[PDB]
Amino acid sequence: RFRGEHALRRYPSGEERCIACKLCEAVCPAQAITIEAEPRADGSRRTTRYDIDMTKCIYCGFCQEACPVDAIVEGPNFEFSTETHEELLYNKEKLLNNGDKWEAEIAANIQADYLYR
Amino acid sequence: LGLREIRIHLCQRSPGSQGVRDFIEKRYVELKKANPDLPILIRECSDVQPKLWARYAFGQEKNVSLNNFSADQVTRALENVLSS
Amino acid sequence: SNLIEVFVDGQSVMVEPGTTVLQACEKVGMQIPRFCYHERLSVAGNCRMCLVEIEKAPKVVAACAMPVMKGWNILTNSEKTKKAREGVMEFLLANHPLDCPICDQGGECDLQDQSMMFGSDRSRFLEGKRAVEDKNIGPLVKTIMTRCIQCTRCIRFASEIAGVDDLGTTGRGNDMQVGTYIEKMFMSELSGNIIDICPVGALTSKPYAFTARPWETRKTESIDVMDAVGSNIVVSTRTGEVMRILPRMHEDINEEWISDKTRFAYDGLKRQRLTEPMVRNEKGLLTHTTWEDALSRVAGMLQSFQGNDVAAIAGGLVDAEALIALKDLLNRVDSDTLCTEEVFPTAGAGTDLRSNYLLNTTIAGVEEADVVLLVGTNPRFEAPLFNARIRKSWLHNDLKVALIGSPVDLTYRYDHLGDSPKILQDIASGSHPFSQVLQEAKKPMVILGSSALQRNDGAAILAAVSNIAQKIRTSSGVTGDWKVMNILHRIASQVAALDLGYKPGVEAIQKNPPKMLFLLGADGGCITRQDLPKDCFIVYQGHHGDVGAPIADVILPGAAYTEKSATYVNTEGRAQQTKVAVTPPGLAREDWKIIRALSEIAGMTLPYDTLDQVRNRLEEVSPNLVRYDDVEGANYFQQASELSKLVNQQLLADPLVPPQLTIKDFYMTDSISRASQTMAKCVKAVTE
Amino acid sequence: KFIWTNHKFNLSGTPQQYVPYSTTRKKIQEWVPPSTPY
Amino acid sequence: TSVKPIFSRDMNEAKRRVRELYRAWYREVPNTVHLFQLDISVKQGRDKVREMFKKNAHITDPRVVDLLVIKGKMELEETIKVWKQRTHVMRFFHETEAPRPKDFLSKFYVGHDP
Amino acid sequence: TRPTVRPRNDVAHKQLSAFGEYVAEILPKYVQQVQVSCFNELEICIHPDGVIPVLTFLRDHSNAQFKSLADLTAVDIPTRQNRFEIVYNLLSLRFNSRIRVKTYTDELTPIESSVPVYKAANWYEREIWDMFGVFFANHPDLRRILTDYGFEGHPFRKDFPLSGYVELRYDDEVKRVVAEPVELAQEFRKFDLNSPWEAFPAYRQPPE
Amino acid sequence: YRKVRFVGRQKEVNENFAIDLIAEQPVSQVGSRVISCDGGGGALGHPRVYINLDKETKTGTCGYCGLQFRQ
Amino acid sequence: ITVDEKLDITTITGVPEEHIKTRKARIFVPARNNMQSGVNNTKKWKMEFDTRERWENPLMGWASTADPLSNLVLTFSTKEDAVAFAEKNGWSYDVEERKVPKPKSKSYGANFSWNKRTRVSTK
Amino acid sequence: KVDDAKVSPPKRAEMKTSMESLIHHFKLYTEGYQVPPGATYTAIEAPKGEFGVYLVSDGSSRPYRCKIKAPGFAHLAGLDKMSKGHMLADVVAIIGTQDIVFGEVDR
Ligand code: SF4
Ligand code: SF4
Ligand code: SF4
Ligand code: SF4
Ligand code: FES
Ligand SMILES: [Zn+2]
């Protein structure tokens, strides 16, 4: 149940599990989330901007315990330490990529812990 | 010019302006029957010191400030700026 | 006198004999839960949520529809009432799907602010959940009819205020539905105003659909200016962008309703907007430049001009602070010759105590009228909520309405009395009946529209209608004070414009060839370069580029109406100031400060700097404009009705046809209505 | 499915540094002037 | 006013107190300018002292001036000793700040009326 | 009623209804309101004329020891026509009892401080000066604790906004670390959270 | 205008897109009235929701489910 | 005692920097977010100050800003102490008015008529 | 957890099935609880002292004033009495006996 790097998950063959229900935003204590949504032309709503202020992020992890469709996951990898302040502000196209550098690391920890919570 | 326009102010109560409320009964129907060119103005309520304005000469204000007149004092004060 | 002390939870209060238990318990500062009830609607009872246990009775009654007898003990909190408010709001929370991640009323639904406070803790159902299908009605009402807890609230609104008989109830028992049986679209005036009434998130807005949740907005109250009756709105920002509006529910006008046009006209507000000063370049070329290029360009031209060579027009939607800095500039140079866009005939009066120029009856005094006669206008497709007050005051008592000229589709039982201008002359005599009833009424009401008055016989019908109007006033008049003759408008910045002392109707610019003009008209194309002399410059000052910015010399960016602390005048003379919610984009500035900034680069400099100092100047001309939201009792037109008798211009011969079409004229109206892609999206859906 | 080949790195400039940017739309859509003739 | 004062009674125990510590500042301005090892001219310091006292001269009520006396005296506690390490004394002078325009034509080219 | 509801008791609700009653009986000079909390707490509302002697009466007795000064706090309340609210909290050592002293005041009106009565108020009393400006009387050393040296705000009241005005920055223009007007990278988006429909029946206001 | 901040920084960008990846799914069919969608597995994924499939043989991906569902 | 009764309108200053004379406050009633019908959020006067510019922060598009106050709402009790707080610190303001609606006359049973017009159908 | 679920969130296997679970889940994170008014106070044994919290409640999801008392206010103002008459090398040996931690003197 160790916390760490943020990442986003998706369904079997890619679906963007996020539904942009904004609940992770309203419980972030540092307001590191900022989301602008829009009806995509297919009809189902998705995201346009998606931000995690990894500077401001105080790691209360409540985003992991607030999503109903279980989208955002604190991925257990402490690999970090870049060289600018201008880099750690994660946009969306880090996070889906960062959520897809691995999934079997993530998908086994949820599946061993979801019975408790 | 002189002049451009004049602005009548009054009040619906505080009965010092009853001379003006009489003046419309006396000289508004005949006062504008003569000179059908000058666009004189009437507004609603100053509620204290119902002044009477005049404005002309590259936009210069001229305010005669009636407080509480009689029915002829409002009739004679108007022709001072009107003839000039 | 005429009361019963009823001990609401053992505490006395005196109501009228014949009110409701709901209004009794709401008077002492309590809320019983409300689903099948609305104050601005009729009363049904088919949700059965208000259930109070009355004392000295084993049964439970509902507070919606029953009177109150001799003084009871309305036991609000009991050990049985909470066995009822838990009871009913366990059933209807079962046959319902698991939305609200995605339900767009997700921060204000009444299954979500009742269900924490009242009601149970868990569920025991435990499978079921019927699922009906949805459809589409118009391109405005996003439609999920699954949720639809059948509170019969949208259904009665078709028989209520909006008189379109379109909806119904299709089905029996568990399976009934709400939507129209056939695929007939539903769109008229007020047709987008149902999505406030639907108490759950089954109905919502189509353009707003998937944007943002309602706990992030900043509610700042303001006023809309797209009609002459004003509005009572509330905007909501996100990051300095406008999201949506809702009606602010003022009790005189905008009761719980709002104009259907103004609801979705905000789209073009941020669509096609000019942001920056664009230089002349000598051909039809027009490119941007420094803000301190085109100021000194026109500053030397001002001192070269003198006399009637320079003029201006203004008939759009601008405030009453930039219509004084213009006036204190062009009359400090002492060269007035200035007018508006709208065609209002002036023969005897209008500028001088104005005597009829506002809507004389209050909107609150409309319901006390008994016989209404109106000519020469379409009340449905200009001032839409005006017909809503007629519709409601046609109901709930007797009200008699006749009409002269061009039968259009009004909702209620009107009748075409006739169509000629000679009808207006013959009603001073005794002919074409009702004949006496306008005199033999107790609160008569005679309304003139500005669309027929725009014609060339305007000064003729101005004295023809007021002939029989004072004839009723010299009769009794009513009892009574009861001002009868009144008039309407359809441009917001006209009554505010004229009572500053402007002349109405384009005649002074229609006679001379002036050199430089100021455009605040501006899209109303009654003045072109065709009626102008040769290629001397005309300066545009505004916010959009529909008509008059291509035909221009130097354009000026400016804030529209949602960016400045403005001040407007309704059709009765109130002042309902708008306030700043979003600061304007580009290099545009506030439209009175630019004139003082243009004054200081010119010779003459105006003696007021801040917006308070503007209002000190606004005190000088007219003192009713700082009198907020009051209509004083002042008519004084015994004399002014006699003075228009000096003019005896005769009528014309033409059927009194309004510009308003079946529906289509309602959409493309002002400036933003043309620029809004939303109105263009729906107007192609009507002609199809 | 949608997973990478081998791995990557969290390096400072490889030359690549991910250089995070803005991902929205222009809102006001400023007006276009008409063309060169009058 | 049903309220007891702090030190003064009416305006005459007051106005002799604002004159009083003015001399304590006046011998302090040459004393600290070689102490905190900063380099301006010393007369600028004496101008800024009387700058501060003269600006608040629009008071016609006691115990507010007396409230500023407690504020004015507490300034000297850090000042006579060394409790402001070469920054807080420099904080009095808006030195590297860009100038405010304060002119109507100058405000109009830059800013949405700040 | 059930499990998972706090079991209240009546013994401590009895004696604390008993003990504090004859406190107002024996000093009807300063006491203006006494109330018993529904969970064994006591408030003794005192006009601040008797700021010293009532404490001095609770300083020593044979039926009330109360020599453990725990908590001096300060609570502002706008819309009261006398804003602030100094609230003590003291402890009886021999008796295991808590009682608070609520004394209102205003801004400019001083308060006779508790310096001879208690010597634990040495750093607590100065804090209200630094944060509000409530000038206590006759304190031997009034100074500046827990704030920076150049503030003029007394920040813990309500008109002081969330950030100050004093966002600090460095430049190499000469050596200095200079002040500047405040500039944020983000609004601190302020929400709107108060749901309607009045979840509480007991605290219902007088309906006017 | 903004194109100068990444010179020698190579613009690390995403490769796949879920803008349109629903459309490559074998759109399901049942021939019934109302179906559960606990897709992705039980107790994970999107919550249970019931859809009427009578009208142009489809459901509409349930919003939540995302997978094209029909008959 | 040293009571020394005197009179002055209490205008306090020195605690802010310059925004006394610059801004103008506003006292009004929040009135019924009309997506629903809960009337608990009446009965309390609030305040809000002037709104100034919100630009774009050219790295993300965040709503970074100047205008240092911009978020200050207090909870007042009534109209009486509404004015008395704006004058006690002393900057300019402007006051709205509380709107309470009609009582009003609503009665079921008159929705079934013999000759009247108040008659519902299709229920 | 506490079972009545106006305070505790419901379980994860519950907030994906029933209707009653989400409305008492989705609302419980937008706003918080519903706390009654009336002042309160308590303290417990911190391992270096008492721990005063005078939590003023107002009646909404957002609390009013929350003043804390931590040790070190008493435990270090009384360094004046404790120190004098002694050396300078004594003074550093004094401080590590009271066990004073900063950031905790922020009360
Ligand atoms: S984790 Fe939840 S709240 Fe956050 S973006 Fe995804 S669906 Fe929305
Ligand atoms: S990780 Fe922590 S700081 Fe970031 S959104 Fe989640 S709870 Fe907030
Ligand atoms: S739209 Fe839905 S909630 Fe509204 S009345 Fe119809 S069924 Fe009821
Ligand atoms: S409308 Fe009501 S029941 Fe439907 S999703 Fe929203 S809160 Fe839930
Ligand atoms: S509330 Fe409408 S019937 Fe009970
Ligand atoms: Zn599914």
# chains A, B, ... in the order shown; residues from 1 in each chain; ligands from 1

$ residues_near_ligand --ligand "ligand 5" --cutoff "9 Å" --atoms "only C-alpha atoms and all ligand atoms" --output "JSON, numbers by chain"
{"C": [22, 32, 33, 34, 35, 36, 37, 38, 43, 44, 45, 46, 47, 48, 49, 50, 51, 61, 62, 63, 64, 65, 151]}

$ residues_near_ligand --ligand "ligand 2" --cutoff "7 Å" --atoms "only C-alpha atoms and all ligand atoms" --output "PyMOL selection string"
chain A and resi 24-25+27-33+52+57-64

$ write_last_selection --atoms "N, CA, C and O atoms" --output "PDB file, in the first residue's frame"
ATOM      1  N   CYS A  24     -11.468  14.011  -7.417  1.00  0.00           N
ATOM      2  CA  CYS A  24     -10.107  14.082  -6.925  1.00  0.00           C
ATOM      3  C   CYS A  24      -9.660  15.516  -6.760  1.00  0.00           C
ATOM      4  O   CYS A  24      -8.840  15.794  -5.880  1.00  0.00           O
ATOM      5  N   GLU A  25     -10.194  16.425  -7.570  1.00  0.00           N
ATOM      6  CA  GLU A  25      -9.890  17.835  -7.432  1.00  0.00           C
ATOM      7  C   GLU A  25     -10.389  18.413  -6.123  1.00  0.00           C
ATOM      8  O   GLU A  25      -9.617  19.066  -5.417  1.00  0.00           O
ATOM      9  N   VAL A  27     -10.924  17.227  -3.261  1.00  0.00           N
ATOM     10  CA  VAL A  27     -10.383  16.767  -1.996  1.00  0.00           C
ATOM     11  C   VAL A  27      -8.876  16.897  -1.941  1.00  0.00           C
ATOM     12  O   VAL A  27      -8.276  16.553  -0.929  1.00  0.00           O
ATOM     13  N   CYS A  28      -8.247  17.356  -3.009  1.00  0.00           N
ATOM     14  CA  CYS A  28      -6.819  17.617  -2.957  1.00  0.00           C
ATOM     15  C   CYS A  28      -6.541  18.759  -2.006  1.00  0.00           C
ATOM     16  O   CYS A  28      -7.073  19.857  -2.203  1.00  0.00           O
ATOM     17  N   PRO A  29      -5.735  18.554  -0.969  1.00  0.00           N
ATOM     18  CA  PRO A  29      -5.504  19.631  -0.009  1.00  0.00           C
ATOM     19  C   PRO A  29      -4.649  20.738  -0.564  1.00  0.00           C
ATOM     20  O   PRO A  29      -4.767  21.878  -0.104  1.00  0.00           O
ATOM     21  N   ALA A  30      -3.814  20.463  -1.555  1.00  0.00           N
ATOM     22  CA  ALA A  30      -2.978  21.500  -2.125  1.00  0.00           C
ATOM     23  C   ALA A  30      -3.523  22.060  -3.415  1.00  0.00           C
ATOM     24  O   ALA A  30      -2.881  22.933  -3.999  1.00  0.00           O
ATOM     25  N   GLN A  31      -4.678  21.569  -3.862  1.00  0.00           N
ATOM     26  CA  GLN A  31      -5.330  21.950  -5.116  1.00  0.00           C
ATOM     27  C   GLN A  31      -4.392  21.763  -6.308  1.00  0.00           C
ATOM     28  O   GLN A  31      -4.364  22.549  -7.253  1.00  0.00           O
ATOM     29  N   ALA A  32      -3.631  20.678  -6.251  1.00  0.00           N
ATOM     30  CA  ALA A  32      -2.694  20.352  -7.310  1.00  0.00           C
ATOM     31  C   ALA A  32      -3.400  19.866  -8.566  1.00  0.00           C
ATOM     32  O   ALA A  32      -2.782  19.757  -9.625  1.00  0.00           O
ATOM     33  N   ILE A  33      -4.681  19.545  -8.456  1.00  0.00           N
ATOM     34  CA  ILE A  33      -5.448  19.130  -9.613  1.00  0.00           C
ATOM     35  C   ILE A  33      -6.051  20.354 -10.279  1.00  0.00           C
ATOM     36  O   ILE A  33      -6.487  21.296  -9.609  1.00  0.00           O
ATOM     37  N   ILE A  52      -1.034  17.776 -12.264  1.00  0.00           N
ATOM     38  CA  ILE A  52      -0.697  17.441 -10.886  1.00  0.00           C
ATOM     39  C   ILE A  52       0.525  18.250 -10.500  1.00  0.00           C
ATOM     40  O   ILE A  52       1.621  18.016 -11.022  1.00  0.00           O
ATOM     41  N   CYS A  57       2.123  18.916  -4.485  1.00  0.00           N
ATOM     42  CA  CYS A  57       1.472  17.674  -4.079  1.00  0.00           C
ATOM     43  C   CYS A  57       1.951  17.169  -2.734  1.00  0.00           C
ATOM     44  O   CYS A  57       3.125  16.848  -2.554  1.00  0.00           O
ATOM     45  N   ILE A  58       1.035  17.133  -1.772  1.00  0.00           N
ATOM     46  CA  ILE A  58       1.398  16.853  -0.398  1.00  0.00           C
ATOM     47  C   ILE A  58       1.193  15.384  -0.064  1.00  0.00           C
ATOM     48  O   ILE A  58       1.501  14.961   1.060  1.00  0.00           O
ATOM     49  N   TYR A  59       0.704  14.594  -1.028  1.00  0.00           N
ATOM     50  CA  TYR A  59       0.593  13.132  -0.967  1.00  0.00           C
ATOM     51  C   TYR A  59      -0.339  12.682   0.152  1.00  0.00           C
ATOM     52  O   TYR A  59       0.000  11.847   0.986  1.00  0.00           O
ATOM     53  N   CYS A  60      -1.537  13.254   0.145  1.00  0.00           N
ATOM     54  CA  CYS A  60      -2.574  12.753   1.030  1.00  0.00           C
ATOM     55  C   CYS A  60      -3.261  11.550   0.419  1.00  0.00           C
ATOM     56  O   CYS A  60      -3.999  10.833   1.101  1.00  0.00           O
ATOM     57  N   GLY A  61      -3.046  11.324  -0.868  1.00  0.00           N
ATOM     58  CA  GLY A  61      -3.519  10.134  -1.529  1.00  0.00           C
ATOM     59  C   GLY A  61      -5.015   9.971  -1.609  1.00  0.00           C
ATOM     60  O   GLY A  61      -5.480   8.914  -2.050  1.00  0.00           O
ATOM     61  N   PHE A  62      -5.782  10.978  -1.204  1.00  0.00           N
ATOM     62  CA  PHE A  62      -7.230  10.919  -1.195  1.00  0.00           C
ATOM     63  C   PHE A  62      -7.808  10.789  -2.585  1.00  0.00           C
ATOM     64  O   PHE A  62      -8.924  10.285  -2.725  1.00  0.00           O
ATOM     65  N   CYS A  63      -7.061  11.227  -3.597  1.00  0.00           N
ATOM     66  CA  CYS A  63      -7.443  11.005  -4.978  1.00  0.00           C
ATOM     67  C   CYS A  63      -7.569   9.522  -5.277  1.00  0.00           C
ATOM     68  O   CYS A  63      -8.444   9.112  -6.042  1.00  0.00           O
ATOM     69  N   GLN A  64      -6.715   8.701  -4.668  1.00  0.00           N
ATOM     70  CA  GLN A  64      -6.831   7.267  -4.875  1.00  0.00           C
ATOM     71  C   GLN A  64      -8.068   6.715  -4.189  1.00  0.00           C
ATOM     72  O   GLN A  64      -8.666   5.749  -4.669  1.00  0.00           O
TER      73      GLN A  64
END

$ atom_distance --atom1 "atom CA of residue C:337" --atom2 "atom CA of residue B:55"
16.4 Å

$ residues_around --residues "residue A:79" --least-positions-apart "6" --cutoff "9 Å" --atoms "only C-alpha atoms" --output "list in words"
residues 4 and 5 of chain A; 9 and 10 of chain D

$ residues_near_ligand --ligand "ligand 6" --cutoff "8 Å" --atoms "only C-alpha atoms and all ligand atoms" --output "PyMOL selection string"
chain G and resi 36-40+46-49+61-62+64-67

$ interface_residues --of "chain A" --to "chain G" --cutoff "9 Å" --atoms "only C-alpha atoms" --output "ChimeraX atom specification"
/A:11-17,19,40-45,68-71,92-94,96-97,114

$ residues_around --residues "residue B:12" --least-positions-apart "6" --cutoff "8 Å" --atoms "only C-alpha atoms" --output "ChimeraX atom specification"
/B:44-45,47 /C:634

$ residues_near_ligand --ligand "ligand 3" --cutoff "6 Å" --atoms "only C-alpha atoms and all ligand atoms" --output "list in words"
residues 148, 149, 150, 151, 152, 153, 154, 155, 178, 198, 199, 200 and 202 of chain C

$ write_last_selection --atoms "C-alpha atoms" --output "PDB file, in the first residue's frame"
ATOM      1  CA  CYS C 148     -37.539  11.246 -14.473  1.00  0.00           C
ATOM      2  CA  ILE C 149     -39.085  10.589 -11.085  1.00  0.00           C
ATOM      3  CA  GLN C 150     -42.459  11.647 -12.511  1.00  0.00           C
ATOM      4  CA  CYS C 151     -43.137  14.573 -10.235  1.00  0.00           C
ATOM      5  CA  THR C 152     -45.468  16.000 -12.933  1.00  0.00           C
ATOM      6  CA  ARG C 153     -43.732  19.340 -12.789  1.00  0.00           C
ATOM      7  CA  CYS C 154     -42.649  19.863 -16.377  1.00  0.00           C
ATOM      8  CA  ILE C 155     -45.964  18.423 -17.514  1.00  0.00           C
ATOM      9  CA  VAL C 178     -43.367  11.828 -19.956  1.00  0.00           C
ATOM     10  CA  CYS C 198     -36.881  19.805 -13.604  1.00  0.00           C
ATOM     11  CA  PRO C 199     -35.919  19.097  -9.993  1.00  0.00           C
ATOM     12  CA  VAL C 200     -33.529  16.278 -10.778  1.00  0.00           C
ATOM     13  CA  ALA C 202     -32.897  14.427 -15.975  1.00  0.00           C
TER      14      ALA C 202
END

$ residues_near_ligand --ligand "ligand 1" --cutoff "6 Å" --atoms "only C-alpha atoms and all ligand atoms" --output "ChimeraX atom specification"
/A:18-24,67,71-72

$ residues_around --residues "stretch 147-158 of chain F" --least-positions-apart "2" --cutoff "10 Å" --atoms "only C-alpha atoms" --output "CSV table (one decimal) with N, CA and C atoms, in the first residue's frame"
chain,number,residue,atom,x,y,z
E,71,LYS,N,3.3,51.6,19.0
E,71,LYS,CA,3.9,51.1,17.8
E,71,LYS,C,5.2,51.9,17.5
E,75,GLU,N,9.4,50.1,17.7
E,75,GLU,CA,10.4,50.2,16.6
E,75,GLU,C,11.8,50.4,17.1
E,78,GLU,N,14.2,47.0,18.5
E,78,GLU,CA,15.1,46.4,17.6
E,78,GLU,C,16.2,47.4,17.1
E,83,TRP,N,18.8,43.8,15.9
E,83,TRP,CA,17.8,42.8,15.6
E,83,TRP,C,17.2,42.8,14.2
E,84,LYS,N,17.8,43.7,13.3
E,84,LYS,CA,17.3,43.8,12.0
E,84,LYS,C,18.5,43.7,11.1
E,88,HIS,N,15.7,44.8,7.1
E,88,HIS,CA,14.5,45.4,7.6
E,88,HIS,C,14.6,47.0,7.6
E,89,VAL,N,15.8,47.5,7.8
E,89,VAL,CA,16.1,48.9,7.7
E,89,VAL,C,16.1,49.3,6.3
E,91,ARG,N,14.2,47.9,4.2
E,91,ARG,CA,12.8,47.8,3.7
E,91,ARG,C,12.0,49.0,3.8
E,92,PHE,N,12.4,50.1,4.5
E,92,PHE,CA,11.7,51.3,4.6
E,92,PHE,C,11.7,52.0,3.2
F,74,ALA,N,-7.5,33.5,21.8
F,74,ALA,CA,-8.2,34.7,21.4
F,74,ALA,C,-9.0,34.3,20.2
F,75,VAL,N,-10.3,34.7,20.2
F,75,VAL,CA,-11.2,34.5,19.1
F,75,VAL,C,-11.8,35.8,18.7
F,76,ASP,N,-11.7,36.1,17.4
F,76,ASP,CA,-12.4,37.2,16.9
F,76,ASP,C,-13.8,36.8,16.4
F,77,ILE,N,-14.8,37.7,16.6
F,77,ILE,CA,-16.2,37.6,16.1
F,77,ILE,C,-16.6,38.9,15.5
F,78,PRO,N,-16.6,39.1,14.2
F,78,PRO,CA,-17.2,40.3,13.7
F,78,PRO,C,-18.7,40.2,13.8
F,83,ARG,N,-16.0,43.3,19.0
F,83,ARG,CA,-15.5,42.3,18.2
F,83,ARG,C,-14.9,41.1,18.9
F,84,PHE,N,-13.8,41.3,19.7
F,84,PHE,CA,-13.0,40.2,20.0
F,84,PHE,C,-13.5,39.4,21.2
F,127,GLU,N,1.1,37.5,22.7
F,127,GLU,CA,0.7,36.9,21.4
F,127,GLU,C,-0.5,37.6,20.9
F,128,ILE,N,-1.5,38.0,21.8
F,128,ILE,CA,-2.7,38.6,21.4
F,128,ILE,C,-2.4,40.1,20.9
F,129,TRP,N,-1.3,40.7,21.5
F,129,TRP,CA,-0.9,42.0,21.0
F,129,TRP,C,-0.3,41.9,19.5
F,130,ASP,N,0.5,40.8,19.3
F,130,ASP,CA,1.1,40.7,18.0
F,130,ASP,C,0.1,40.3,16.9
F,131,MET,N,-1.0,39.6,17.3
F,131,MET,CA,-1.9,39.1,16.4
F,131,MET,C,-3.2,39.9,16.3
F,132,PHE,N,-3.5,40.7,17.3
F,132,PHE,CA,-4.7,41.5,17.1
F,132,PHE,C,-4.6,42.9,17.5
F,133,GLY,N,-3.6,43.3,18.3
F,133,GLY,CA,-3.5,44.6,18.8
F,133,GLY,C,-4.3,44.9,20.1
F,134,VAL,N,-4.7,43.8,20.8
F,134,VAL,CA,-5.4,44.0,22.1
F,134,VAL,C,-4.3,44.3,23.1
F,144,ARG,N,7.4,41.5,20.2
F,144,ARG,CA,7.0,40.9,19.0
F,144,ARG,C,7.4,39.4,19.0
F,145,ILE,N,6.5,38.5,19.1
F,145,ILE,CA,6.8,37.1,19.0
F,145,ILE,C,5.9,36.5,17.9
F,160,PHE,N,-7.6,40.8,7.2
F,160,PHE,CA,-6.4,40.4,6.6
F,160,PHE,C,-6.6,39.3,5.6
F,161,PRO,N,-6.3,39.4,4.4
F,161,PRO,CA,-6.5,38.3,3.4
F,161,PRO,C,-5.5,37.2,3.6
F,162,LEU,N,-5.7,36.2,2.8
F,162,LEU,CA,-5.0,34.9,3.0
F,162,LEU,C,-3.5,35.0,2.8
F,163,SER,N,-3.1,35.5,1.6
F,163,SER,CA,-1.8,36.0,1.4
F,163,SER,C,-1.7,37.5,2.0
F,164,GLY,N,-0.5,37.9,2.2
F,164,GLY,CA,-0.3,39.3,2.7
F,164,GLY,C,-0.3,40.3,1.5
F,165,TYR,N,0.7,41.1,1.5
F,165,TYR,CA,1.1,42.0,0.4
F,165,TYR,C,2.5,41.9,0.1
F,166,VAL,N,3.3,41.0,0.7
F,166,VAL,CA,4.7,41.1,0.9
F,166,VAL,C,5.5,40.0,0.4
H,14,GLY,N,-3.6,52.7,8.8
H,14,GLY,CA,-2.2,52.3,8.9
H,14,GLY,C,-2.0,50.8,8.8
H,15,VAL,N,-3.1,50.0,9.0
H,15,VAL,CA,-3.0,48.6,9.0
H,15,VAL,C,-2.9,48.0,7.6
H,16,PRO,N,-3.8,48.5,6.6
H,16,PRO,CA,-3.5,48.2,5.2
H,16,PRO,C,-2.5,49.2,4.6
H,17,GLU,N,-2.2,49.1,3.3
H,17,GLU,CA,-1.3,50.1,2.7
H,17,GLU,C,-1.9,51.2,2.0
H,72,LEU,N,-12.7,37.6,0.0
H,72,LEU,CA,-12.9,37.9,1.4
H,72,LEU,C,-14.4,38.0,1.5
H,73,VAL,N,-15.1,37.0,2.1
H,73,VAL,CA,-16.5,37.1,2.4
H,73,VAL,C,-16.7,36.8,3.9
H,74,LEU,N,-17.4,37.7,4.6
H,74,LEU,CA,-17.7,37.5,6.0
H,74,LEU,C,-19.2,37.2,6.2
I,65,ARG,N,-12.5,29.0,14.0
I,65,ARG,CA,-11.2,29.0,14.7
I,65,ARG,C,-10.8,27.7,15.3

$ residues_near_ligand --ligand "ligand 4" --cutoff "8 Å" --atoms "only C-alpha atoms and all ligand atoms" --output "PyMOL selection string"
(chain C and resi 93+96-112+147+199-202) or (chain I and resi 23)

$ residues_around --residues "residue C:6" --least-positions-apart "4" --cutoff "12 Å" --atoms "only C-alpha atoms" --output "PyMOL selection string"
chain C and resi 10-17+19-21+24-25+27-28+54-55+68-75

$ write_last_selection --atoms "C-alpha atoms" --output "CSV table (one decimal), in the first residue's frame"
chain,number,residue,atom,x,y,z
C,10,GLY,CA,-47.1,24.3,20.1
C,11,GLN,CA,-46.6,27.9,19.2
C,12,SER,CA,-49.2,30.4,18.0
C,13,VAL,CA,-49.4,32.1,14.6
C,14,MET,CA,-52.3,33.8,12.8
C,15,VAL,CA,-52.8,32.8,9.1
C,16,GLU,CA,-55.6,33.6,6.7
C,17,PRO,CA,-58.5,31.2,6.9
C,19,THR,CA,-54.1,29.0,3.4
C,20,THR,CA,-52.0,25.9,3.4
C,21,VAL,CA,-50.1,23.9,6.0
C,24,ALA,CA,-48.0,28.1,7.7
C,25,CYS,CA,-44.9,26.0,8.5
C,27,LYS,CA,-43.9,31.2,7.8
C,28,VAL,CA,-42.3,30.3,11.2
C,54,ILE,CA,-51.1,16.1,12.9
C,55,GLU,CA,-52.0,15.9,16.6
C,68,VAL,CA,-56.3,24.5,7.9
C,69,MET,CA,-59.1,24.1,10.3
C,70,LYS,CA,-59.5,25.5,13.9
C,71,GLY,CA,-56.1,25.6,15.5
C,72,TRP,CA,-54.2,22.3,15.4
C,73,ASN,CA,-50.9,21.2,16.7
C,74,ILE,CA,-48.8,20.6,13.6
C,75,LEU,CA,-46.3,18.2,15.1
